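A.B. asks: Below is a structure I'd like to ask you about.
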Amino acid sequence: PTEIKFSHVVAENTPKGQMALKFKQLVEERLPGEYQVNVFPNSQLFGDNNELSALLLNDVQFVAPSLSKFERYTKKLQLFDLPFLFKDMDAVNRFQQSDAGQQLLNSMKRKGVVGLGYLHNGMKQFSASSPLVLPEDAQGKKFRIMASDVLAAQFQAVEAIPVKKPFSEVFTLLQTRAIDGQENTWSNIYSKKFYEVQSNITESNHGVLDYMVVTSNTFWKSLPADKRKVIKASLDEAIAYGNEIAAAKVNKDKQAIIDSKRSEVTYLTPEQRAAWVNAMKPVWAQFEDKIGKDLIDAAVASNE
């Protein structure tokens with residue numbers, strides 16, 4: 001069988017981990033002996049910094065980076081990093097499924113990247129080794145971020161110190177106290193055991209962590225049209241499965257973290273949330289011209 005590689009950076013028992021395995025299952029059921037999908041979780045094949053290059057060089061055929069990790073290829077996907085842009089995952093999905101959202105799947109074609117679909121994880125929560133209740137609480141604290149200029153600006157807006165590091169490095173940076181805090185979904189916090197070395201988590205819902213599943217023009221064009229259709233169908237179904245898992249993990253992994261008693265979860269009052277919102281609004285102005293105001297207006301409208 002022709003080998004198709006799918007690489008990613010998360011644990012297996014996560015939305016993206018399960019999406020990738022379901023994709024393998026379906027392709028191999030439908031094209032037995034013709035295509036084999038080998039899945040490489042946990043940055044075993046490629047990590048954050050080199051996966052898109054690998055994709056375009058055809059050393060891997062599918063990857064699904066966070067929407068945050070595409071600045072080299074487009075300035076538009078930075079949209080998804082804007083703090084407090086989407087109220088919740090229902091708004092995210094409405095935006096992604098709309099014409100404005102769907103067009104972004106093609107935003108990188110001129111550099112070789114083909115967008116195949118969105119895949120959910122969830123809303124991001126702040127964590128640290130100390131409480132994060134008001135923006136002032138973040139002052140002077142070092143936070144790991146995904147490699148995103150918008151996320152750097154988010155933390156600079158509250159006088160914190162952002163450091164861009166690949167996902168594979170976060171556990172050790174927290175364990176050694178080389179960083180104070182981070183931001184992520186309950187699924188990543190739980191599956192990577194970040195909560196074991198973060199005494200405090202705030203249910204801030206301050207941004208979205210979702211993915212775009214992508215391939216290269218080279219690989220996608222190389223497939224016969226009939227096989228491409230079967231592979232695309234399998235991917236789409238695997239995405240639906242992954243999204244179901246993402247929605248379940250939000251509740252289940254939050255609960256598991258609380259049950260562990262390792263981390264105190266703080267819930268914000270309306271006045272506290274408003275303070276964070278107000279603090280993180282220089283950020284939108286800084287990036288609106290590059291992202292596109294009309295595109296931001298579309299995303300804002302998904303909250304209605």
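Here's how to read the names in the structure tokens: chain A, B, ... by the order shown, residue numbers from 1 in each chain, ligand numbers from 1 in the order shown.
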If you count only C-alpha atoms, which residues fall within 6 Å of segment 183-187 of chain A, apart from same-chain ones fewer than 5 positions away, as an mmCIF file with N, CA and C atoms, in the first residue's frame?
C.D. replies:
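And here's out.cif as it stands now:
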data_model
loop_
_atom_site.group_PDB
_atom_site.id
_atom_site.type_symbol
_atom_site.label_atom_id
_atom_site.label_comp_id
_atom_site.auth_asym_id
_atom_site.auth_seq_id
_atom_site.Cartn_x
_atom_site.Cartn_y
_atom_site.Cartn_z
ATOM 1 N N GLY A 122 -11.025 23.618 21.741
ATOM 2 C CA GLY A 122 -11.878 24.297 22.703
ATOM 3 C C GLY A 122 -11.409 25.679 23.050
ATOM 4 N N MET A 123 -12.047 26.256 24.063
ATOM 5 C CA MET A 123 -11.625 27.565 24.568
ATOM 6 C C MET A 123 -10.395 27.407 25.439
ATOM 7 N N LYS A 124 -9.532 28.415 25.396
ATOM 8 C CA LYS A 124 -8.340 28.477 26.221
ATOM 9 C C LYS A 124 -8.616 29.082 27.593
ATOM 10 N N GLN A 125 -7.900 28.545 28.570
ATOM 11 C CA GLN A 125 -7.915 28.949 29.963
ATOM 12 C C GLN A 125 -6.503 29.355 30.372
ATOM 13 N N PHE A 126 -6.374 30.367 31.222
ATOM 14 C CA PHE A 126 -5.067 30.716 31.784
ATOM 15 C C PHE A 126 -4.696 29.786 32.932
ATOM 16 N N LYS A 249 -14.497 16.237 25.844
ATOM 17 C CA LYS A 249 -13.303 16.425 26.675
ATOM 18 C C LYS A 249 -13.372 17.729 27.464
ATOM 19 N N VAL A 250 -14.047 18.744 26.927
ATOM 20 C CA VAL A 250 -14.176 20.007 27.631
ATOM 21 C C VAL A 250 -14.709 19.746 29.031
ATOM 22 N N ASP A 253 -12.437 16.482 31.002
ATOM 23 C CA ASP A 253 -11.086 16.800 31.442
ATOM 24 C C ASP A 253 -11.054 17.932 32.464
ATOM 25 N N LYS A 254 -11.924 18.931 32.327
ATOM 26 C CA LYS A 254 -12.089 19.922 33.395
ATOM 27 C C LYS A 254 -12.399 19.205 34.709
#
A.B. asks: List as an MDAnalysis selection string the protein and nucleic acid residues near residue 1 of chain A, meaning an atom at most 12 Å away when only C-alpha atoms are counted, but skip any in the same chain fewer than 6 places from it.
C.D. replies: chainID A and resid 27:28 31:38
A.B. asks: Would you mind listing what lies within 9 Å of segment 105-121 of chain A as a PyMOL selection string, with only C-alpha atoms counted and same-chain residues fewer than 6 positions away left out?
C.D. replies: chain A and resi 14-16+19+52+55-56+64+67+70+73-77+89+93+96-97+185+187-188+208-218+220+232+235-236+239-240+242-247+249-250
A.B. asks: Quick one, how far is atom CA of residue 256 of chain A from atom CA of residue 21 of chain A?
C.D. replies: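 That distance, rounded to one decimal, is 23.4 Å.
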A.B. asks: To test your reading of the structure, identify every residue in segment 225-278 of chain A that backbone DSSP assigns to alpha helix (DSSP H), and report it as a PyMOL selection string.
C.D. replies: chain A and resi 225-260+270-278
A.B. asks: Excluding same-chain residues fewer than 3 positions from residue 22 of chain A, what lies within 8 Å of it counting only C-alpha atoms, as a list in words?
C.D. replies: residues 18, 19, 25, 26, 238 and 241 of chain A
A.B. asks: Need the shell around segment 129-131 of chain A: protein/DNA/RNA residues with any atom at most 6 Å away, counting only C-alpha atoms. Skip same-chain ones fewer than 5 positions apart. Format as a ChimeraX atom specification?
C.D. replies: /A:180,198-200
A.B. asks: What is the atom CA of residue 24 of chain A-atom CA of residue 189 of chain A distance in Å, reported with one decimal?
C.D. replies: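 Computing the Euclidean distance for atom CA of residue 24 of chain A and atom CA of residue 189 of chain A yields 25.6 Å.
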A.B. asks: Any idea what the distance is between atom CA of residue 48 of chain A and atom CA of residue 296 of chain A?
C.D. replies: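 According to the coordinates, atom CA of residue 48 of chain A and atom CA of residue 296 of chain A are separated by 26.1 Å.
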A.B. asks: Residues of segment 183-293 of chain A in strand (DSSP E) according to DSSP, as a PyMOL selection string?
C.D. replies: chain A and resi 183-184+200-216+264-267
A.B. asks: For the interface of segment 29-132 of chain A with segment 146-151 of chain A (cut-off 7 Å, counting only C-alpha atoms), please tabulate each contacting residue of segment 29-132 of chain A alongside its nearest pair of atoms and their separation in Å to one decimal, rows sorted by chain and increasing number, as a Markdown table.
C.D. replies:
| residue | atom | partner | partner_atom | distance |
| --- | --- | --- | --- | --- |
| A:68 | CA | A:148 | CA | 5.9 |
| A:69 | CA | A:147 | CA | 6.1 |
| A:78 | CA | A:150 | CA | 6.7 |
| A:81 | CA | A:150 | CA | 6.1 |
| A:82 | CA | A:150 | CA | 6.7 |
